[PDB]
Each structure stands twice: as C-alpha cells, then as structure tokens.
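# Notes for the structure review
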Amino acid sequence: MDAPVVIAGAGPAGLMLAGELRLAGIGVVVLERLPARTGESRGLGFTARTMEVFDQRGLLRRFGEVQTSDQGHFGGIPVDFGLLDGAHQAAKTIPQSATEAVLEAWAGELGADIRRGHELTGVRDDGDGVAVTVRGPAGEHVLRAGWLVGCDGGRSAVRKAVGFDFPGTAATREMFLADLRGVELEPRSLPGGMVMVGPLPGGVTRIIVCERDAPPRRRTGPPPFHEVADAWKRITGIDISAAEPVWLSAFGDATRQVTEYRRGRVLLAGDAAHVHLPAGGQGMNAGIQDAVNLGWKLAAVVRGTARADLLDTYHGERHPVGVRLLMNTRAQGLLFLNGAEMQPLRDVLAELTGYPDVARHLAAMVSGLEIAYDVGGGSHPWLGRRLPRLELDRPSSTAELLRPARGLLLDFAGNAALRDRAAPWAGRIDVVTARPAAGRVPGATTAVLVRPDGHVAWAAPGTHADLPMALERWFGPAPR
Amino acid sequence: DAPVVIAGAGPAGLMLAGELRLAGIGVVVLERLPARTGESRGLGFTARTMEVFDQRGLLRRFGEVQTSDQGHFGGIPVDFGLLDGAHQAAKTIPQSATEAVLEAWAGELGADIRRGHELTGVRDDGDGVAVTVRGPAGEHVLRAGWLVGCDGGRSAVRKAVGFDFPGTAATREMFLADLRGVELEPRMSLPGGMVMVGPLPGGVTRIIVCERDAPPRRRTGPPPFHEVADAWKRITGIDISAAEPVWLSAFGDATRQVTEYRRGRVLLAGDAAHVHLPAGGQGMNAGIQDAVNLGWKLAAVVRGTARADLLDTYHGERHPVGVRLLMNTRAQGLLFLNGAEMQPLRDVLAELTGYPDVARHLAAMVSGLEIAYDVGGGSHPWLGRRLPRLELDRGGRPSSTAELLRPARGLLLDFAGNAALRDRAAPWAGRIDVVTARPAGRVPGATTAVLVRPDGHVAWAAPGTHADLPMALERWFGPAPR
Ligand SMILES: Cc1cc2nc3c(=O)[nH]c(=O)nc-3n(C[C@H](O)[C@H](O)[C@H](O)COP(=O)(O)OP(=O)(O)OC[C@H]3O[C@@H](n4cnc5c(N)ncnc54)[C@H](O)[C@@H]3O)c2cc1C
Ligand SMILES: Cc1cc2nc3c(=O)[nH]c(=O)nc-3n(C[C@H](O)[C@H](O)[C@H](O)COP(=O)(O)OP(=O)(O)OC[C@H]3O[C@@H](n4cnc5c(N)ncnc54)[C@H](O)[C@@H]3O)c2cc1C
C-alpha cells in the first residue's frame, strides 16, 4: 500500500478532496499530469454555497476581502438574489487560478502528497484494492491503494479505464472565449451569432464568441487567435486581430453525467462525474461541493468507523445534484446561444423574473442553497439541508467549529439527557453546549446534529428518527 | 355600390360584418368558397372572446357554454382560476360551428354575403377603392369607400396593395389528421418527433404529427394520408394506415405580421394581418377581437362623425396586440415542437407555474385579459382596459354592462345619479347612451362614472383620469360644436 486513497487530478475537486481527507488524518496521494498550475482565469468568483464551505474550513481568510454581489442572472436574464437570504453571488473578482492556488497551498500544508508530473495511464480494481499505473519523471511505475478517486477533469482517464457509463447529449456547436489586452470593447440578438463582452481586473477584456451554425471540433488544444478574431469580426464587424491574447479557449455544449459515481473501489468527482457547458458558472462549485460531500465519508470508511451504507450516500446525494446541475446549465444555455428563435421565450421569462417567488426560486438553483438531501423523515426545515452560519455564545461560530471537519451535536437547551444519548459516539463527534446568537433559528430548535459537510442530519424537534439512530447512520455503529 | 367591402367570410370577416351592420353600415362580404368546407379547426374560444360575444348577445346561440379553469401554456398546465374570469370557454365547440353562428348573425343583420366570389385585384382610388371579383357570372368590378382584407394568411388583398409582411420563414412541416376508426390514447418526449392525440365529439380522433427535421413544404392541396400515416408510424410505432380520414391538412411555423394595419382605404384583420403557428389557441380569437376593435371605428368614419385620428387607432391598438400574439404563440411553440433539447427549459418553467404570480400572468396572456390600450393618462385601474361584466340595477330592472353594449353604441354609466355630468355629455347625445344605473361592490374604489367604447374598453373613468369627459368624448365619439 502506497496510500489509503489515491486521487487522480489536482484541479479544484482533487485538491479540495485531498484537504478534506488530510483533515481526517487520512494518507492521500495526488497524481497530477501537469508540472504546474495552468493559471487560467476561467470563471470569476464562486457561489454562496462554495463561499460557505470555504468558511467551514477557515479558507475564506485566505482570499482577503471578498466582494458579495446580489447582481445575479439566469441565461442572460437579470435576477435579484437579495430576495433570498444569503444567496448573494460572491468573490466576483476572484479567478479560478487564485482559488486553485489557495487550495493547493492548503492541501500541501496538511500533508497531501501532491506529485506533479505524474499521469495516470491505467487502473484495475482488485476488489480489495486498486492497482494504479502511473507515468512520472522517472518512468512508468505502479501504485496500489485502498480507494481511487477520479478528479481528472471532463476527459477523465479514470472514467474511461474503469468503464463508467457516461450518457448525455453530444456537442452541437463550438464556442470561443478570449481574455484580451489592447482593445476597447463595449459590454454590448444580431444575426451571424451572439457575443458577450465584459471587463476583467487589470485592463483585460473578456469576450465570448458563439457564432451561428458553428461545428463542434475536438480540440487539443488552444484555438488560434485569428480563428477567434475572424469569428468575432464576422459577427460584430469589429476588427480585433491586432489585440493581445491573454488566454484563449474553445468549448462545446455537450452535457453528460456518469450513471454511477461509484464503481467498486473507484469513485468520481467534479468534471469527471459531470460535464456541461463551462460558461454557466457552476462547474468548479460542483466539483468543490462533490469533494466536501465525499471526503469525510471516504475518511470514515478507511478508518472503519462507517456504517456499511455510508459510502453509497455519495452517489445517493450527489447524483441528483448533478442531474439538476445539467438541467440548470442546459436551460440557461438555450436562452444564451440560440438567436432570435429563442427570443420570444427569453421575453416571456424576462416578464416573470420580477415576481419575488420566481427570483427566489432561480436564485436558489444557481446559489446551490436549494440542495436538500434525503436524510430521513421529519418536519424540521433544516433536515437534510445546509446549516446556515450561526454565531454561538459560549465567541465562536458554527463555521468555526466545523473547521476540524468532525460531526457536531449542538446543544442549545443545555440538556444533559441528550448529551448522554450521544455518549457512545464520543470521539467521533463534538458535543457543544452554546447559545445561538446570530441567528436565524426555526421554532423551538433545542438541538441539531451537524454532518462534517455542514448538512443537518437530525434536529430536535421535528425528526422522525431519534439521535442514536442518526448518530449510527452518519457516524457509524457503536455497541449499545 | 357599397360603403365597405370585406374580402373573406371567416371569423374575422363575419364578426366585422356584424359589427358594421349593427351601426347601419351597408357592407358587402366576399367569400370565394360557395359553401363552408367543414373544418373543425380549433375548439372553443378564450375568455375575452366569450366576453365580446356576450356583449352582442351571441353566447346563447351556442347553447350553454362550459367554462374551465384548466389552462395550458406550451403544454404545461396552469390554473387559470387564480385570475378572475380568465377561464377557457366552450372547449367542445368547433370553429366551424362558431363560423356558422357568425354567418347567420351577419346575414340576419342585413350583411350582403356573396359566396363563390373571389377577389382578384384592388386599386386604391385615393378616395375610393375599386375591387375586381370573379363571381358565378364572371369578372366584374365593385367600387367601395373601404376594403377590409379578412381573407386569411394567404390574403390576396394584402399582396395586391403591397403591405410589408416581415417575419420568419417556415422551418418545418407538420400534419393534422381528423381520423375515425382508430383507438388512440392521448399522450401524457419521443425521438423522431413529437405527437399530440386528442378526442373529438363524435368518436373522432384528432392527431398532430410533428416529425423532427421535416422540411417545410409549400403545398396548395392536402397531404395524402399515407404521408401522414408514415410520419406517424415513424414516431409512435403505431400503424394507423387503415384509418378513415375526416380532414387532412399541413401547416408550417412561419410567423409574419404586416407593419401597418392600414394603407389608405385598405385595412387588414385576422390572419391577413398576422400569421403564426396555428397550435396556440389564439388565432381565431385574435381575428375576432381585431374585427371588434375596427368595426365601430370604421362605422364612425363612414358616417362622418369620427375624429380624424380615430381610424388610425386600429393600427395603434391592434398592432402591439399582434406583436404579443406572435411572441405568445412562438414561445409556446418552442415548448411543443423541440424534442429533448427543450426539455430542461420545459422543466424549469413547470416549476414556476405553481406560483400564483406566474399563473395569473400566463393566464392573462392566453385569455386576452392582459390587453390594455393607451387611451390617455390616469390612475384608474380600468383605464384603456376591458370593462368586466357588471350586474346593474337599472332603475328597478336587472341589467348588465354586457346587455347595454348589445346595440354596439358607446356608454356613459352614471353610478351616483349625477345629472351634472349627464349634461357634460349632452353634445354627444344620439351618439352614445347615458345610463343611470347602480352596480353591485365590484367597482374598484370610488368609481362614480365610466365611459365605455362600443368595443367594451374603458375610455374614461371618474375618478382617476387626467383628461376630462368632454375631451374623452371628443376623442372617441367625434367632434361636437361647443
Ligand atoms: C472558459 C471557462 C469558464 C468557466 N467559468 C466557471 C465559473 O464562472 N464558475 C464555475 O463554478 N465554473 C466555471 N468553469 C468550470 C470550471 O473551471 C471546471 O468545471 C473546474 O475546473 C472543474 O474542476 P475539476 O477538478 O473537477 O476539473 P479540472 O479543473 O479539469 O481538474 C482536472 C485535473 O486533472 C488533471 N488530469 C487530467 N487527466 C489526468 C491524468 N490522466 N493523470 C493525472 N492528472 C490528470 C488535469 O491536469 C487537471 O489539472 C469554467 C470553465 C471554462 C472552460
Ligand atoms: C389546424 C388549426 C387549428 C387551429 N386551432 C385554433 C384554436 O384552437 N384557437 C384559435 O383561437 N385559433 C385556432 N386556429 C387559427 C384559426 O383557425 C385562424 O386563425 C382563423 O381562421 C383566423 O380567422 P380569419 O378570418 O382571419 O381567416 P380565415 O378563417 O381563414 O378566413 C378567410 C376567408 O377568406 C376567404 N378567402 C381567401 N382568399 C379569398 C379571396 N381571394 N377572395 C374572397 N375570399 C377569400 C377564405 O375562403 C376564407 O373563408 C387554428 C388554425 C389551424 C389551421
């Protein structure tokens, strides 16, 4: 055994997963094909939920001051996100290159074995372990591990070598993205195609080129600038061929998702599990959020404290999130790429987005705060959902207590009787008697059991199963 | 020869002819077809269309009409009951029956309806119109003050005056088949295309075939049934080739609208003015409602009582409505025809329909109750909008605003028995009816009086209208020395 867990890929997903595992004292080897981070800006910022999970690991202070923005929108149609509490899109200026840099520094200091320059070329499941063929700076060797996780992007080697079913719709077009230095472009339903224009920090202009009736090309592959410039000039009639390319990329509208996130001792996360239209503002957030769901569960299984059905909750909870992720990205794409044939439907929708019922509903889709797992029956509003950041009188917060990434039993009523019911699971969770003071708290909530990912598994009152059942379910068997 | 000539005796033509006859305007209607073909086409009509029929006492010519709060937008079910009076009506009554009601009503009102007469040309003589028609005898020329084109989407009148007809061309072809002798279940998202199945009274089944990637075809005749059956089987897997076809037809999704509803002394109404994807449930309702807007205004012009800007309010009011019409049908059409590539958008919208704000909005678009004309400034809720039917205490007799609007003359409703404002409307006596009556209340706020156009829309109301009553009266019912 070279490590309990091997992760292929050091993007946002793999790096977050490595951090989540290391927090739980698990040994993890990360295989990254690239010798360094690309430094691609890609998307700017991340959703409210992603900001919340960073805060749960004390990673927010590492970005400096982030700027919130309730200026959200859906498929080009402007929507107010302030109508739903805390759904504000955030970090609108923080590029993925910076987020990757923060995460890789975080994983490394935690003891992640990040081996850059190593490419996964093969994998077989021994049933009781996984054999991983690797190509590194010396040559081709073989690592073996308890579990393999594929966080190796949309072209995932792991996915193909294990034989995951990857259904969906193929690409119907090609689009261009270009960050440009040296042109004055104004932030804009013309024929020939659609175009988006926006500014970036440091005098950089970001353009999106979606020409009408453009064919989907398999790329290696950064696009040649002149090909992007001619596509642009064909649509807008503005010559930009004398600009300076900061970064160019080509992408398709292909959307696919693995039928199962788990095959034996091999799991998938991020773009490896779900691929979709990159310019939709959800991908990185989905990969980081997949990693936070799986990390503490995979950790418990390795330690042997987990119940036999825990690891399967990764697929159980995250696959529906992925389905809804593809629906969201596909729907927004239609309102974006298609020309005037989609305009009447764009208009009808634009007439509905003023109604606060609609605004809140669309905001919850994008922010990712609508995410609600099935964790059992109960009338409590938090059950299966994220625990919102509460500030506790003890001077700590729920986000701060979740930094070690262990389960929390929060005791608000100072009840000695339920603290004794939790006794067998001592060492697996922390019992914290404190007073909520932030503090959106429903009805007469006296206690709440919080999963390491921040999701509420149980809550008094309003949960069918009682505390010992919820504890056994999410934190494993304990002789009683 | 004729004060007005209408080309076409479908819903738009017949309704307009009736609206003119009510005003005493002599009108000749030209219909190329010797007899009705018997196309059921659509079933039922919208709430607003029901309301305008009630305004002329035409509802009881159908029998009893059945309302339904079960609305739909692009297939997605919507509760129309959340908006008062927006219920779909007559869901069993075919357009052929509605046409038959309107023709008898026109004929009894004195309308000169000439079937077997096809319009072939028109020159606008600056102050008159010369119409060339080929009837039973042969070619002959009619001279008229006004020619209204209600001759359908392939309007000969539109093409002969040179209206601009901008829009989008057809992208596909689709079939309609009224069949007998097949047991077919109504569906509740296939590849190869989509399909609709619905029952029709008389054990007749109605199917819509929309095969994926079918090329648009311009054909004058009906499609052969073997072509509709082979498309159907390609999509569903069910063989219907042994069916008996009542009616077969083929349509495209071309949507165009004339830039101007009026060119000199030639006007357009119905599919002549705006064509779209027939699957939306709006066309006939829009055509009939165009005819109601134009009729009384054109009558005022013929009688020389109209203000010089009244006739242009036909284009002014009905063109934007026609734009909404193309948006509505096209948006809905996308939620029907496109296969699994539209499904994510269908799903999202389906989640929103449950919100009463949304349901009410879509219900207004489809029912026609959203229609609001710019008639002037004011904070009064009814201003420029349709006057809802109000039960009234007429002296000591029960009445209704619908009943009062039957003669198709303007109304000044006095709720508070005020004879001061009853003298402000004195000059326009013989043009409107001043009615002192008491409504239920249903009236918004402290409404004391309301001026109603012959088409049912409120032109002025006290309080909450910037203009004065004499100003509003001059604007809609003509100049009067004072
Ligand atoms: C132009 C653009 C704009 C975007 N904007 C946004 C946005 O605003 N918001 C948002 O949430 N998302 C956005 N995204 C999507 C986001 O960038 C990706 O979804 C995110 O990177 C996915 O994380 P990942 O770790 O799973 O995949 P990856 O980032 O691709 O990480 C995969 C890593 O694994 C490595 N790898 C691949 N194969 C192997 C192998 N065989 N062996 C070893 N290593 C391997 C790769 O080198 C790579 O570094 C955008 C994407 C694009 C292209
Ligand atoms: C399959 C189908 C289903 C539909 N379902 C619905 C529905 O559920 N609800 C709804 O509101 N609408 C529906 N519609 C639309 C509705 O049928 C039309 O919009 C409606 O007929 C428009 O009325 P119109 O008078 O302007 O046109 P038309 O009904 O077509 O009348 C035009 C008349 O002018 C005559 N004409 C043509 N050329 C000449 C000429 N040169 N000289 C003299 N006369 C001429 C024609 O013979 C015809 O009688 C449907 C349409 C189709 C095709």
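Residues numbered from 1 in each chain as written, not as in the entry; some residues may be left out. Chains lettered and ligands numbered in written order. Heavy atoms only, no water.

What the deposited record gives as its method is X-ray crystallography, and the resolution it gives is 2.65 Å.

### Considerations on the overall build of chain A
Test applied: Strands here are runs of E lasting at least two residues and helices are runs of H or I lasting at least four, both read from the DSSP assignment and numbered beginning at the N terminus. Within these notes, the globule rule equals 2.2 Å times the number of residues to the 0.38 power, and the radius of gyration is based on C-alpha atoms. Burial status follows relative accessibility: with a 1.4 Å probe on protein chains alone, a residue under 20% of its type maximum counts as buried, one over 50% as exposed, and anything between as partly exposed. All tallies of charge rest on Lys and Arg as positive and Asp and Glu as negative; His and the ends of each chain are not included. For the purpose of locating charges, the reference atoms are NZ of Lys, CZ of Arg, CG of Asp and CD of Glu.
From N to C terminus, chain A includes 12 helices and 26 strands. Taken over the C-alpha trace, chain A has a radius of gyration of 23 Å; the compact-globule value for 480 residues is 23 Å, and the two agree within 12%. Projected onto the principal axes, the alpha-carbon positions of chain A cover approximately 75 × 60 × 40 Å. Residues classed as buried in chain A amount to 53% of the 480 residues present. In chain A, 53 side chains carry a positive charge and 53 a negative one; their mean positions are 3 Å apart.

### A short note on the site of ligand 2
Residues and elements named next belong to chain B. Going by this rule: Distances are taken per atom, and a residue is near a molecule or strand as soon as one of its heavy atoms is within 4 Å of it. Residues adjacent in sequence count toward polar contacts only when both atoms are side-chain atoms; beyond that, a polar contact is any pair of N or O atoms within 3.5 Å, and within protein one must be able to donate a hydrogen and the other to accept it. To measure how exposed things are, a 1.4 Å probe is used in the Shrake-Rupley method; for residues, cover is taken only from the protein chains shown.
Surveying the vicinity of ligand 2 reveals 28 residues, the closest of which are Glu31, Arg41, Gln95, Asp271 and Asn285. Take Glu31: an N or O atom from its side chain is 2.5 Å from an oxygen atom of ligand 2. Interatomic distance of 3.4 Å between a backbone N/O atom of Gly42 and a nitrogen atom of ligand 2. Across the complex, the protein chains shield 87% of the 1,000 Å² of accessible surface that ligand 2 would expose by itself. Taken together, the elements giving at least two residues each to the shell around ligand 2 come down to α1 (11-21), β2 (27-31), β9 (118-124) and α6 (283-302). Here the element with the most residues in the shell around ligand 2 is α6; it accounts for three residues.

### A short note on the site of ligand 1
Residues and elements named next belong to chain A. Selection rule: Note that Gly is not counted as nonpolar here; it falls among the polar residues with everything else outside the nonpolar set of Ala, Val, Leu, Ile, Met, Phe, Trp, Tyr, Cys and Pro and the charged set of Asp, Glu, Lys and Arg. Either an automatic procedure or a domain database provided the assignment from which the domain bounds are taken.
If you check the shell around ligand 1, you find 31 residues, and the closest are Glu32, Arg42, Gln96, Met284 and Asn285. Backbone polar atom of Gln282 to an oxygen atom of ligand 1: 3.4 Å apart, as the coordinates give it. In isolation ligand 1 offers 1,000 Å² of accessible surface; the protein chains occlude 89% of this area. Listing elements by their share of the shell around ligand 1, those giving two or more residues are α1 (12-23), β2 (28-32), β8 (119-125), β15 (244-252) and α6 (283-303). Per-element tally for the shell around ligand 1: the top contributor is α6, with three residues. The residue makeup of the shell around ligand 1, split by class, is 13 nonpolar, 12 polar and six charged. Of the residues that make up the shell around ligand 1, three or more belong to each of domain 1 (1-173 + 253-373) and domain 2 (174-252).

### What to know about the domain arrangement of chain A
Quoted interface sizes are often the accessible area lost when the parts come together. Its domain assignment divides chain A into domain 1 (1-173 + 253-373), domain 2 (174-252) and domain 3 (374-480). Taking only C-alpha atoms into account, the centre of domain 2 of chain A sits 49 Å from that of domain 3 of chain A.

### A look at the UniProt feature "binding site: FAD" (unreviewed entry) in chain B
Residue and element names in this part refer to chain B. Rules: UniProt positions are given in the numbering used here, feature names are shortened, and annotations may be inferred rather than shown by experiment. We call two residues in contact whenever any of their non-hydrogen atoms come within 4.5 Å of each other.
When the UniProt feature table is mapped to this numbering, "binding site: FAD" (unreviewed entry) covers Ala12, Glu31, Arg41, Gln95, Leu119, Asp271, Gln282, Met284 and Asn285. For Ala12, the position within the fold is in helix α1. Apart from the residues within four sequence positions on either side, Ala12 is in contact with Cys150, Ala269, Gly270, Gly287 and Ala291. Mapped onto the elements, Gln282 comes out in the loop between β21 (274-275) and α6. Beyond its immediate sequence surroundings of up to four residues, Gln282 is in contact with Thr46, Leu325, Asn328, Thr329, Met365 and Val366.

### Quick word on the packing of aromatic side chains
Remark: the centre distance and the inter-plane angle together describe each pair of aromatic rings, the angle taken between the planes. In plain terms, the rule: Aromatic pairs are defined between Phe, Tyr and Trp rings, using the six-membered ring for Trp, whenever the two ring centres lie within 6.5 Å; interplanar angles under 30 degrees are classed as stacked, those over 60 as edge-to-face, and all others as tilted. For a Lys NZ or an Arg CZ to count as sitting over a ring, it must be within 6 Å of the ring centre and within 35 degrees of the ring normal.
One pass over the structure, following the stated rule, counts 11 aromatic pairs over all chains. Seen from their ring centres, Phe46 of chain A and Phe63 of chain A are 5.6 Å apart, and the 55° between their planes marks the pair as tilted. With a gap of 17 residues between them, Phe46 of chain A in strand β3 (residues 44-46) and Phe63 of chain A in the loop between α2 (48-55) and β4 (71-74) connect regions that are remote in the sequence. For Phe46 of chain A, a relative accessible area of 2% corresponds to the buried category. Pairing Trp296 of chain A with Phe475 of chain A gives two aromatic rings, centres 6.5 Å apart and planes at 40°, and the pair type is tilted. Assigned by exposure class, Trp296 of chain A and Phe475 of chain A land together as buried. Looking at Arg451 of chain A, its charged tip hangs above the ring of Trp474 of chain A, at a distance of 4.7 Å from the centre. For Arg265 of chain B, the ring lying beneath its charged end belongs to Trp146 of chain B, and the centroid distance is 4.7 Å.

### Quick look at the domain arrangement of chain B
Residues and elements named next belong to chain B. What counts, and what does not: By convention, the term buried area covers the 1.4 Å-probe accessible surface removed from two parts as they join, with the contributions of both added.
Domain annotation for chain B reports domain 1 (1-172 + 253-373), domain 2 (173-252) and domain 3 (374-482). Taking only C-alpha atoms into account, the centre of domain 1 sits 26 Å from that of domain 3. If you look at the interface, domain 1 gives 24 residues, while domain 3 gives 25 residues. Three residues, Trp296, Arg307 and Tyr373, lead the burial of domain 1 against domain 3; their summed loss comes to 33% of the area buried on that side.

### Quick word on the UniProt feature "binding site: FAD" (unreviewed entry) in chain A
Residues and elements named next belong to chain A. Residues given the UniProt feature "binding site: FAD" (unreviewed entry) here are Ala13, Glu32, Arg42, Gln96, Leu120, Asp271, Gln282, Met284 and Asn285. As for its placement among the helices and strands, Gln96 is situated in helix α3 (residues 96-109). As for its position among the elements, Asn285 is in helix α6. Ignoring sequence-local partners within four residues, the contact set of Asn285 consists of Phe46, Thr47 and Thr50.

### Quick look at the sheet that holds strand β3 (residues 43-45) of chain B
Within a sheet, adjacent strands bond to each other through the backbone by hydrogen bonds, running parallel or antiparallel. Residues and elements named next belong to chain B. Basically, it comes down to this: By definition, two strands form a pair when at least two bridges between them are found by DSSP.
As summarised here, the arrangement of the three strands in space is β3-β7-β4, forming an open sheet in which the pairing is antiparallel. Because the sheet does not close on itself, it has two edges, and the strands there are β3 and β4 (67-68). Judged from the two bridges that link them, β3 and strand β7 (residues 88-94) form a sheet pairing that is antiparallel. In the sheet register, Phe45 faces β7, and the bridge partner there is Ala89.

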